[PDB]
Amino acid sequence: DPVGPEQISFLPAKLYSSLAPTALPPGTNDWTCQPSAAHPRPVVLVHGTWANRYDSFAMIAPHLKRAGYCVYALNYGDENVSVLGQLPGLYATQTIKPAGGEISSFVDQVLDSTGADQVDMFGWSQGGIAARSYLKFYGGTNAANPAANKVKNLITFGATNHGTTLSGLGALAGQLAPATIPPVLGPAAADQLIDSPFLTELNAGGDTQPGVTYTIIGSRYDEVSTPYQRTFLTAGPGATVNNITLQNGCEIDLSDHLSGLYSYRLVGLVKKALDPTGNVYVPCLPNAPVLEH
(Lines of atoms letter the chains of each structure in order from A and count residues from 1; the text may use other names and numbers.)
(Lines give C-alpha, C1' and ligand atoms only; values in the text may rest on other atoms or scores of the structure.)
Protein backbone atom coordinates (compact mmCIF):
# COMPACT_ATOMS: atom_id res chain seq x y z
CA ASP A 1 0.00 0.00 0.00
CA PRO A 2 2.61 2.63 1.01
CA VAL A 3 5.45 3.42 -1.37
CA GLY A 4 8.97 3.57 0.03
CA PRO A 5 11.90 5.38 -1.60
CA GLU A 6 14.39 4.08 -4.12
CA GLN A 7 17.47 2.50 -2.50
CA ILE A 8 21.02 1.55 -3.52
CA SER A 9 22.02 -0.92 -0.80
CA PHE A 10 20.32 -3.94 0.69
CA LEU A 11 20.63 -3.33 4.42
CA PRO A 12 19.26 0.24 4.39
CA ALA A 13 16.27 -1.07 2.37
CA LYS A 14 15.82 -3.91 4.83
CA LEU A 15 15.88 -1.52 7.78
CA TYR A 16 13.27 0.67 6.12
CA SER A 17 11.14 -2.42 5.49
CA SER A 18 11.37 -3.45 9.15
CA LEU A 19 9.37 -0.29 9.98
CA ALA A 20 7.17 -0.49 6.84
CA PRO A 21 6.85 -4.22 6.12
CA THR A 22 4.14 -3.88 3.42
CA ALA A 23 5.83 -1.06 1.48
CA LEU A 24 6.12 -1.23 -2.25
CA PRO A 25 9.31 -0.15 -4.02
CA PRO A 26 8.96 2.76 -6.46
CA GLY A 27 7.33 2.08 -9.79
CA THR A 28 5.50 -1.01 -8.59
CA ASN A 29 1.90 -2.26 -8.50
CA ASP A 30 0.50 0.73 -10.33
CA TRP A 31 -2.65 -1.15 -11.38
CA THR A 32 -3.33 1.43 -14.10
CA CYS A 33 -0.14 0.48 -15.97
CA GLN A 34 -0.54 -0.72 -19.55
CA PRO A 35 2.20 -2.69 -21.34
CA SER A 36 3.82 -0.70 -24.13
CA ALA A 37 4.78 -1.68 -27.65
CA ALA A 38 8.42 -2.20 -26.70
CA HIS A 39 7.55 -4.22 -23.58
CA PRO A 40 4.29 -6.14 -24.02
CA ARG A 41 4.81 -8.28 -20.93
CA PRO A 42 4.43 -7.17 -17.32
CA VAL A 43 7.22 -8.13 -14.93
CA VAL A 44 6.55 -9.94 -11.64
CA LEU A 45 9.27 -9.78 -9.01
CA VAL A 46 9.43 -12.54 -6.39
CA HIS A 47 11.42 -11.96 -3.17
CA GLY A 48 13.62 -14.29 -1.14
CA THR A 49 13.73 -16.01 2.24
CA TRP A 50 13.23 -13.67 5.23
CA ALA A 51 12.75 -10.75 2.82
CA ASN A 52 9.94 -8.76 1.14
CA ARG A 53 9.26 -6.93 -2.14
CA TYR A 54 10.75 -3.68 -0.86
CA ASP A 55 14.13 -4.80 0.44
CA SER A 56 14.55 -7.20 -2.50
CA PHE A 57 13.59 -4.77 -5.25
CA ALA A 58 14.11 -1.17 -4.09
CA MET A 59 16.73 -0.85 -6.85
CA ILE A 60 15.69 -3.41 -9.47
CA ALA A 61 12.06 -2.24 -9.58
CA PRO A 62 12.70 1.50 -10.23
CA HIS A 63 15.28 0.56 -12.88
CA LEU A 64 12.81 -1.67 -14.72
CA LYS A 65 10.21 1.09 -14.45
CA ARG A 66 12.51 3.67 -15.99
CA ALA A 67 13.11 1.12 -18.78
CA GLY A 68 9.41 1.13 -19.70
CA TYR A 69 8.06 -2.04 -18.05
CA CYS A 70 4.96 -2.45 -15.95
CA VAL A 71 6.34 -3.86 -12.67
CA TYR A 72 4.55 -5.89 -9.97
CA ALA A 73 5.64 -7.52 -6.73
CA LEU A 74 3.82 -9.67 -4.18
CA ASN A 75 4.66 -10.69 -0.62
CA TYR A 76 4.37 -14.42 -0.03
CA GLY A 77 5.10 -17.33 2.31
CA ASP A 78 4.02 -15.27 5.32
CA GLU A 79 3.52 -17.10 8.63
CA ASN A 80 3.68 -16.28 12.34
CA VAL A 81 4.63 -19.59 14.02
CA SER A 82 8.41 -19.56 13.48
CA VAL A 83 10.50 -17.12 15.53
CA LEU A 84 12.01 -15.33 12.52
CA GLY A 85 8.54 -15.37 10.94
CA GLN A 86 7.40 -13.08 13.75
CA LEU A 87 9.88 -10.36 12.78
CA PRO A 88 8.53 -7.50 10.64
CA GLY A 89 9.15 -7.82 6.90
CA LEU A 90 10.68 -11.33 7.04
CA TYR A 91 8.36 -13.26 4.69
CA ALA A 92 8.72 -16.44 2.61
CA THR A 93 9.37 -18.53 5.72
CA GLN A 94 6.40 -20.81 5.08
CA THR A 95 7.08 -24.18 3.44
CA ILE A 96 7.76 -23.42 -0.18
CA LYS A 97 5.54 -25.49 -2.52
CA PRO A 98 2.28 -23.57 -1.74
CA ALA A 99 4.12 -20.35 -2.71
CA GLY A 100 3.23 -21.36 -6.26
CA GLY A 101 -0.44 -20.90 -5.40
CA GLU A 102 0.07 -17.38 -4.09
CA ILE A 103 2.12 -16.43 -7.16
CA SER A 104 -0.65 -17.85 -9.37
CA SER A 105 -3.32 -15.62 -7.80
CA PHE A 106 -1.03 -12.61 -8.19
CA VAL A 107 -0.14 -13.41 -11.76
CA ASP A 108 -3.82 -13.75 -12.59
CA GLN A 109 -4.44 -10.28 -11.18
CA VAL A 110 -1.56 -8.89 -13.25
CA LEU A 111 -2.71 -10.49 -16.48
CA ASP A 112 -6.23 -9.45 -15.74
CA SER A 113 -5.22 -5.87 -15.07
CA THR A 114 -3.01 -5.43 -18.12
CA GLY A 115 -4.77 -7.46 -20.78
CA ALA A 116 -1.51 -9.22 -21.60
CA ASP A 117 -1.28 -12.89 -22.46
CA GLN A 118 1.91 -13.59 -20.50
CA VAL A 119 4.17 -12.20 -17.82
CA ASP A 120 7.90 -12.33 -17.31
CA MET A 121 9.11 -13.26 -13.82
CA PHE A 122 12.26 -12.50 -11.81
CA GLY A 123 13.00 -14.42 -8.62
CA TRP A 124 15.63 -13.86 -5.94
CA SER A 125 16.89 -16.93 -4.06
CA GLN A 126 13.79 -18.70 -2.72
CA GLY A 127 11.80 -16.55 -5.15
CA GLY A 128 13.33 -18.53 -8.00
CA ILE A 129 12.26 -21.94 -6.73
CA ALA A 130 8.97 -20.45 -5.57
CA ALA A 131 8.47 -19.34 -9.16
CA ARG A 132 9.31 -22.82 -10.38
CA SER A 133 6.65 -24.26 -8.09
CA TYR A 134 4.16 -22.01 -9.86
CA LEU A 135 5.59 -23.24 -13.18
CA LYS A 136 5.33 -26.92 -12.30
CA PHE A 137 2.29 -27.27 -10.02
CA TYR A 138 0.07 -24.19 -10.11
CA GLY A 139 -0.52 -23.36 -13.78
CA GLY A 140 2.40 -21.11 -14.64
CA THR A 141 2.95 -23.59 -17.51
CA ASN A 142 0.58 -25.53 -19.84
CA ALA A 143 1.94 -29.02 -20.56
CA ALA A 144 -0.48 -29.75 -23.41
CA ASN A 145 0.03 -26.39 -25.20
CA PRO A 146 3.35 -24.78 -24.25
CA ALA A 147 2.60 -21.68 -26.32
CA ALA A 148 -0.15 -20.88 -23.80
CA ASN A 149 2.20 -20.68 -20.76
CA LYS A 150 1.35 -17.74 -18.55
CA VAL A 151 5.06 -17.15 -17.82
CA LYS A 152 7.33 -16.53 -20.79
CA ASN A 153 10.69 -15.76 -19.08
CA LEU A 154 11.90 -16.90 -15.66
CA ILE A 155 14.99 -14.95 -14.59
CA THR A 156 16.64 -15.77 -11.26
CA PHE A 157 19.51 -14.64 -9.08
CA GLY A 158 21.06 -16.82 -6.41
CA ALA A 159 18.19 -19.27 -6.71
CA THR A 160 18.61 -22.41 -4.62
CA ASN A 161 17.54 -24.44 -7.62
CA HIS A 162 19.17 -27.65 -6.28
CA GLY A 163 19.44 -26.76 -2.58
CA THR A 164 22.52 -25.34 -0.85
CA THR A 165 25.47 -26.69 1.13
CA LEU A 166 25.53 -23.35 3.02
CA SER A 167 29.28 -23.18 2.50
CA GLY A 168 29.44 -19.73 4.16
CA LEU A 169 28.48 -21.22 7.55
CA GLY A 170 31.62 -23.37 7.36
CA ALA A 171 31.67 -26.34 9.72
CA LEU A 172 28.24 -25.27 10.98
CA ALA A 173 26.35 -26.14 7.76
CA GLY A 174 26.43 -29.83 8.70
CA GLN A 175 25.30 -29.20 12.28
CA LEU A 176 21.94 -27.91 11.02
CA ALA A 177 19.29 -30.56 11.84
CA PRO A 178 16.42 -30.23 9.28
CA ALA A 179 14.02 -31.06 12.11
CA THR A 180 14.87 -28.39 14.67
CA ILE A 181 15.22 -25.32 12.42
CA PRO A 182 11.57 -24.88 11.27
CA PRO A 183 10.37 -23.57 14.67
CA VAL A 184 13.19 -20.98 14.71
CA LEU A 185 14.12 -20.34 11.05
CA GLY A 186 10.83 -21.34 9.38
CA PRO A 187 10.09 -24.36 7.19
CA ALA A 188 11.49 -22.69 4.05
CA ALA A 189 15.01 -22.76 5.45
CA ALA A 190 14.64 -26.54 5.69
CA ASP A 191 13.04 -26.78 2.22
CA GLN A 192 16.18 -25.32 0.62
CA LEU A 193 18.71 -27.80 2.03
CA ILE A 194 20.25 -30.43 -0.26
CA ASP A 195 17.84 -33.24 -1.15
CA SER A 196 15.02 -31.77 0.89
CA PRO A 197 11.69 -33.44 0.12
CA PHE A 198 10.46 -30.31 -1.63
CA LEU A 199 13.51 -30.03 -3.85
CA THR A 200 13.48 -33.71 -4.81
CA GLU A 201 9.81 -33.25 -5.78
CA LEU A 202 10.40 -29.93 -7.57
CA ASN A 203 13.30 -31.35 -9.60
CA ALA A 204 11.85 -34.85 -10.20
CA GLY A 205 11.72 -35.41 -13.95
CA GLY A 206 13.75 -32.35 -14.92
CA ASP A 207 14.71 -28.74 -14.35
CA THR A 208 12.44 -27.13 -16.95
CA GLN A 209 8.93 -26.98 -18.37
CA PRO A 210 8.53 -26.65 -22.15
CA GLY A 211 8.14 -23.19 -23.61
CA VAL A 212 9.76 -21.25 -20.78
CA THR A 213 12.95 -19.25 -21.40
CA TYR A 214 15.17 -19.45 -18.30
CA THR A 215 17.98 -17.01 -17.47
CA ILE A 216 19.72 -18.33 -14.36
CA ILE A 217 22.25 -15.91 -12.83
CA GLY A 218 24.72 -16.82 -10.11
CA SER A 219 27.55 -14.98 -8.37
CA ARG A 220 30.87 -16.70 -7.66
CA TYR A 221 30.98 -14.98 -4.28
CA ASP A 222 27.48 -16.08 -3.33
CA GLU A 223 27.94 -17.97 -0.07
CA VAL A 224 24.30 -18.59 0.80
CA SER A 225 23.31 -20.68 -2.24
CA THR A 226 26.30 -22.96 -2.67
CA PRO A 227 28.19 -24.18 -4.48
CA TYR A 228 27.04 -21.25 -6.62
CA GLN A 229 26.97 -23.34 -9.82
CA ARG A 230 24.19 -25.47 -8.36
CA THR A 231 21.86 -22.57 -9.22
CA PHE A 232 22.35 -23.38 -12.92
CA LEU A 233 19.66 -25.34 -14.78
CA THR A 234 19.76 -28.06 -17.44
CA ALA A 235 17.39 -27.44 -20.37
CA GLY A 236 14.81 -30.10 -21.08
CA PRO A 237 12.76 -30.54 -24.24
CA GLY A 238 11.17 -27.37 -25.54
CA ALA A 239 12.98 -25.13 -23.05
CA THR A 240 15.88 -22.71 -23.15
CA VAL A 241 18.43 -22.14 -20.42
CA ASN A 242 20.99 -19.35 -20.31
CA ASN A 243 23.13 -19.70 -17.15
CA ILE A 244 25.12 -16.57 -16.41
CA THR A 245 27.96 -16.18 -13.94
CA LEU A 246 27.62 -12.53 -12.91
CA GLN A 247 31.42 -12.14 -13.04
CA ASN A 248 32.19 -13.54 -16.53
CA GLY A 249 33.34 -10.39 -18.31
CA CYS A 250 33.40 -8.26 -15.15
CA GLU A 251 35.59 -9.69 -12.41
CA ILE A 252 35.41 -6.42 -10.44
CA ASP A 253 31.72 -7.05 -9.66
CA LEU A 254 31.95 -8.75 -6.26
CA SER A 255 28.20 -9.07 -5.59
CA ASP A 256 27.22 -11.56 -2.94
CA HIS A 257 23.88 -13.26 -2.26
CA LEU A 258 22.47 -9.88 -1.14
CA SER A 259 24.47 -7.13 -2.84
CA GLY A 260 23.80 -8.62 -6.29
CA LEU A 261 20.32 -7.10 -5.99
CA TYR A 262 21.96 -3.64 -5.94
CA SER A 263 24.49 -4.33 -8.71
CA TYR A 264 24.10 -2.26 -11.86
CA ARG A 265 25.50 -5.26 -13.76
CA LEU A 266 22.73 -7.58 -12.55
CA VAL A 267 20.06 -5.03 -13.44
CA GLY A 268 21.64 -4.88 -16.86
CA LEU A 269 21.61 -8.65 -17.22
CA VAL A 270 17.92 -8.71 -16.23
CA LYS A 271 17.01 -5.90 -18.70
CA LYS A 272 18.92 -7.77 -21.41
CA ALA A 273 17.02 -10.97 -20.76
CA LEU A 274 13.74 -8.99 -20.78
CA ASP A 275 14.50 -7.25 -24.08
CA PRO A 276 16.85 -9.53 -26.04
CA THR A 277 16.60 -7.49 -29.31
CA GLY A 278 17.19 -4.15 -27.61
CA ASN A 279 20.92 -3.37 -27.34
CA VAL A 280 20.78 -3.21 -23.57
CA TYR A 281 23.65 -1.59 -21.65
CA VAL A 282 25.15 -4.25 -19.37
CA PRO A 283 27.62 -2.23 -17.28
CA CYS A 284 30.75 -3.55 -15.64
CA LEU A 285 31.13 -1.51 -12.45
CA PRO A 286 32.59 -2.37 -9.05
CA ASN A 287 30.18 -3.69 -6.44
CA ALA A 288 31.05 -4.87 -3.00
CA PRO A 289 29.82 -7.66 -0.73
CA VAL A 290 27.66 -6.83 2.23
CA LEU A 291 30.39 -7.95 4.67
CA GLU A 292 34.04 -6.93 4.68
CA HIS A 293 36.32 -9.75 3.57
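When you see a residue number, it is the position in the sequence shown, counting from 1.
In this entry, 173 to 181 shows the higher mean Cα temperature factor of the pair 73 to 81 and 173 to 181. The mean C-alpha temperature factor is higher for 164 to 172 when 164 to 172 and 182 to 190 are set side by side. For residue 266, the recorded CA temperature factor ranks within the middle third of the chain's modelled residues. Among all modelled residues in its chain, residue 200 ranks in the highest third by Cα B-factor. When the CA B factors of the chain's modelled residues are split into thirds, the value for residue 132 lands in the lowest one. Per the PDB record, residue ranking by Cα B-factor puts residue 260 in the lowest third of the chain. The deposited CA B-factor of residue 26 belongs to the middle third of values across its chain.
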